[PDB]
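Next up: a single chain in structure tokens, the form deposited in one PDB entry.
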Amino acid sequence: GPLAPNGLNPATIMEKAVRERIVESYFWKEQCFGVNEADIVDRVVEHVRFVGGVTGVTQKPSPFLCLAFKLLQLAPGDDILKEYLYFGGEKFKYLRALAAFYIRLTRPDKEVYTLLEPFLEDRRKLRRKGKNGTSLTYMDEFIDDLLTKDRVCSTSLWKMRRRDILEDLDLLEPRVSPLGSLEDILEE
């Protein structure tokens, strides 16, 4: 029972209720059986059409959430996650979303920021389901949510140190927005 790069225990990361809802779900028993990292990719391209936690009147755990749980179970290495993010993410966006979600769940804050912040420039459309019905979202919105919000996809995100704190300890470089450079000129 390996522990994540951060302090947390993979089993306890998701709520007991959420875990129960996932394991009891049809999609877990049918589509998460015998699955490995490559098979994770298979299930993503096949069955993931939106990002969300438990949704609907049936409080049905999304295929997204279930695959996230399966990733928690697998505890994939950094190299495979990089494969997801860059190769899989470039080709399949929901795979990038899944990877970002998992990283946010299981990696040190420095790693979280450095890995996820570049994809604030990823503007591809994503389907977002859950709180306040069904809506359209974007990759950069999802990333922003991962970086700035306490809860995402029925999962509590562990509190991170503020970015400025990491910058002060010289653990992080200042984030550069292209629009920041345009905006400096706009404000003047």
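So that the term is clear: the rigid core is the largest set of C-alpha atoms that superpose within 1.5 Å between two forms. For every residue, the number given is its place in the sequence shown, counted from 1.
The following text describes the form deposited in another entry, which does not appear among the structures shown.
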Margin query: Given a superposition on the rigid core, I'd like a yes or no on whether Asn36 shifts its C-alpha by 2 Å or more between the shown form and the other one.
Written below: no
| Under a superposition restricted to the rigid core, does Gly130 display a Cα displacement of 2 angstroms or more between the shown form and the other one? | yes
Taking the rigid core as the reference frame, tell me whether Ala17 has a CA displacement of 2 angstroms or more between the shown form and the other one.
no
Taking the shown form as reference, the Cα pair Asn132 and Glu46 shifts by 3 Å or more in that other deposited form and sits closer
Shown form as baseline, in that other deposited form, CA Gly133-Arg49 shift of 3 Å or more puts them closer
